[PDB]
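Just the heavy atoms: all of them, side chains too, but no hydrogens, waters or symmetry mates, feed the values below. Just so it is clear: chains get the letters A, B, ... in the order the sequence lines come, proteins before strands, and each one is counted from 1.
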Protein chains: 4
Amino acid sequence: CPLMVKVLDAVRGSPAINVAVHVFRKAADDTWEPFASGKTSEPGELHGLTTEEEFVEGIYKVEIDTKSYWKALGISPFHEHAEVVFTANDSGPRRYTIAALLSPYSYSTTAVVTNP
Amino acid sequence: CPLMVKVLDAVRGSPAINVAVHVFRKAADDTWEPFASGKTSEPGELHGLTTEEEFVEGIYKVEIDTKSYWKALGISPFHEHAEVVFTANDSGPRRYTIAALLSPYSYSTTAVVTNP
Amino acid sequence: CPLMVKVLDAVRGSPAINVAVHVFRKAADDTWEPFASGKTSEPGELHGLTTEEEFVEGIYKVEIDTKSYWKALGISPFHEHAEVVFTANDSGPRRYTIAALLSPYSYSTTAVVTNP
Amino acid sequence: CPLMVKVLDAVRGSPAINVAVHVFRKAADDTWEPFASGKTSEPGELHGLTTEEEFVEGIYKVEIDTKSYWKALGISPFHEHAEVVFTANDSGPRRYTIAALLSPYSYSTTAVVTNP
């Protein structure tokens, strides 16, 4: 799986379940084109977004719908989403894990990048 | 000054100096309009972005040019920039500090929202 | 595995390998007694520290030897270690993941706690 | 003032007020001696812990009483306290700010070390 997203809730100390994730790829005309999307599972993970064939070099944006997650738990959070923007595969295929650690008024995001 | 940006470098343990920051506001046509911008100071802060009169309710995006910062230090970074997206909400008086803590392959952002 | 430790390097965007970890349990005389220890593997994880039988209720300290890790990579970091202190199992057996995200001058640590 | 402590609340997006902080210094006998302590102010800061004369090289531990803070807000926390352990090193003039960003099941700490 060349691209995986993992989301944790720092308030509950638990995986963040049912978080919507939207992935875009910058097109030739400099617009963000839809690339893939899904929702995190019970372990807070989203697998199967793409394939090694489809995940070509480019600039990608992973949008994590944090505001919807918190609202559904009764919290009015600060951020609309978390938006992770990066160049991928520009030195050959890599495996990317995009992790996010959520609080109502703060988040961190980390990339773990390995060579298959 | 209702909006301040603070940036810290987690590798050197220092304010992040000369970091470009761009602020956008979503217009009624649903595109991002340039709103304010600048470069952080020696203390890692950017003051004077806006005024109370101009900083009306709306959806804002703060774009911190992290990649250029790391490149200047010779450290290979992951992200193109850090992006902070939020709604400003009048609810009594408020001051917003958007803080960012930078590492090459990870960042955290926190909103500190206070009443003077 | 009732207790797992996971360590990531925020500078390289990689698991932190060969990080020493020492776990203590507060004894009746209020001293920290050695409980378990090990080193992280290639995926940045340390499994097999304890068993459900041995991991009784108590106050535990997980010491992560961050300074030794960074020094071996040519970085003189700020902290001696990271020290994670918590009560465990006080409402029945749980599974605990203690994660740490390392930079030379800053770290975060998160607990993910699940009910078997 | 060569040592300051700053604490932020990532759930409320605010300084963390009335947080107890204890500072210890390792003695020649290798035990932790009380050094300074206090409670954070409205701005989430604790100033006046020590002086240049007293803050000599050595190993220090800053203990932030996070559990009591969360309990006061009615939020179940994971950690007993946050612990920051470091060596102070004369290497030209220096000021140390120990920052902590708190969530119930996660915290980050950063050292910001500057020359006035």
Side-chain angles (χ1 to χ4, degrees), chain A residues 1-7 21-38 45-66 79-101 107-116, chain B residues 7 9-11 16 18-24 32 37 39 61-85 100-109, chain C residues 8-15 101 103:
Chain A
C1 281
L3 179 64
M4 193 267 272
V5 178
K6 182 163 181 49
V7 188
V21 178
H22 297 257
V23 188
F24 307 85
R25 182 182 180 279
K26 192 162 267 192
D29 64 357
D30 271 352
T31 67
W32 287 115
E33 185 161 14
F35 180 81
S37 63
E45 302 181 354
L46 170 53
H47 293 269
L49 286 163
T50 194
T51 59
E52 192 186 335
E53 219 174 82
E54 179 184 66
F55 191 45
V56 296
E57 285 188 77
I59 304 184
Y60 291 84
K61 176 168 69 163
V62 174
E63 179 193 298
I64 303 173
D65 294 331
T66 60
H79 301 96
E80 293 297 307
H81 48 251
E83 289 197 359
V84 182
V85 184
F86 58 100
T87 300
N89 309 303
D90 58 328
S91 63
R94 294 291 184 271
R95 308 239 185 275
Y96 296 84
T97 302
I98 304 302
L101 173 65
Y107 65 84
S108 71
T109 186
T110 305
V112 184
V113 184
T114 59
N115 201 335
Chain B
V7 190
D9 173 339
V11 173
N18 214 18
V19 179
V21 177
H22 296 257
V23 186
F24 304 85
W32 288 114
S37 61
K39 302 206 82 174
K61 172 189 291 205
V62 177
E63 269 199 3
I64 306 174
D65 295 337
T66 58
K67 182 180 197 181
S68 297
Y69 176 79
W70 295 119
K71 287 171 60 184
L73 295 184
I75 304 172
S76 184
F78 178 77
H79 305 90
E80 289 296 302
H81 51 247
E83 289 224 86
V84 185
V85 182
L101 176 64
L102 309 185
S103 304
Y105 276 63
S106 183
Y107 65 84
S108 78
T109 189
Chain C
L8 295 179
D9 178 328
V11 176
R12 305 200 326 177
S14 68
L101 173 65
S103 303

TODO: Not counting sequence neighbours, list each pair that qualifies as a salt bridge (charged side-chain N to carboxylate O under 4.0 Å, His left out) and has a residue in residues 107-116 of chain A.
DONE: none

TODO: Please report the closest heavy-atom contact between A:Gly48 and A:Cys1, naming both atoms and the distance.
DONE: N-SG, 4.1 Å

Open item on the list: Can you give me the closest heavy-atom contact between C:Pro15 and C:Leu8, atom names plus distance?
Closed with: CA-CD2, 4.0 Å

Task: Closest approach of A:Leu46 to A:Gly38 (non-hydrogen atoms, all atoms of both residues) - done: CD2-C, 3.7 Å

TODO: Please examine the side chains of A:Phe86 and A:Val62, heavy atoms only from C-beta on, and report whether any two atoms are closer than 4.5 Å.
DONE: yes

TODO: For B:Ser106 and A:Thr109, indicate whether the former's side chain and the latter's backbone hold a donor-acceptor pair under 3.5 Å.
DONE: yes

Open item on the list: For A:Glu54, I'd like to know if atom CD has over 12 heavy atoms of other residues, nucleotides or ligands within 6.0 Å.
Closed with: yes

Task: Gap separating the CD atom of B:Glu63 from the OG atom of B:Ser37, nearest 0.5 angstrom - done: 11.0 Å

Open item on the list: Could you measure the distance from the NZ atom of A:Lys26 to the OG1 atom of A:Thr87? Nearest 0.5 Å is fine.
Closed with: 9.0 Å

TODO: Could you tell me the separation between the CG atom of B:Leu102 and the CH2 atom of B:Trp70, rounded to the nearest 0.5 Å?
DONE: 6.0 Å

Task: Within-4.5 Å side-chain heavy-atom neighbours: A:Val112 and B:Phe78 - done: no

- [ ] Drop me the distance from B:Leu73's CG to B:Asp9's CG, to the nearest 0.5 angstrom.
- [x] 6.5 Å

TODO: Identify the two heavy atoms, one from A:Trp32 and one from A:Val85, that lie closest to each other, and give their separation to 0.1 Å.
DONE: CH2-CG1, 4.0 Å

Open item on the list: With salt bridge (charged side-chain N to carboxylate O under 4.0 Å, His left out) as the rule and sequence neighbours excluded, what pairs involving residues 64-83 of chain B come up?
Closed with: B:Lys61-B:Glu83, B:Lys67-B:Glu80

- [ ] Indicate the atoms forming the closest heavy-atom contact of B:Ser76 with B:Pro104, along with that distance.
- [x] O-CB, 3.6 Å

Task: Reported CE-to-OG1 distance for the pair A:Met4 and A:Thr97, which is rounded to 0.5 angstrom - done: 4.0 Å

TODO: Can you label the angle between the A:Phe55 ring and the A:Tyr96 ring as parallel, tilted or perpendicular, going by 30° and 60°?
DONE: perpendicular

Task: B:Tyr107 and B:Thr66: CA distance, side-chain angles, deciding distance, side chain to side chain contact (heavy atoms under 4.5 Å, CB included) verdict - done: CA-CA 9 Å; B:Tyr107 65 84; B:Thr66 58; 5.6 Å; no

Open item on the list: Is any side-chain heavy atom of A:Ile98 closer than 4.5 Å to one of A:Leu3?
Closed with: yes

Open item on the list: With a 3.5 Å distance limit and no angle check, can you tell me whether A:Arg25 reaches the backbone of A:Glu57 through a side-chain donor-acceptor pair?
Closed with: yes

Open item on the list: How long is the straight-line distance from CD1 of A:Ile64 back to NE2 of A:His79, given to the nearest 0.5 Å?
Closed with: 12.5 Å

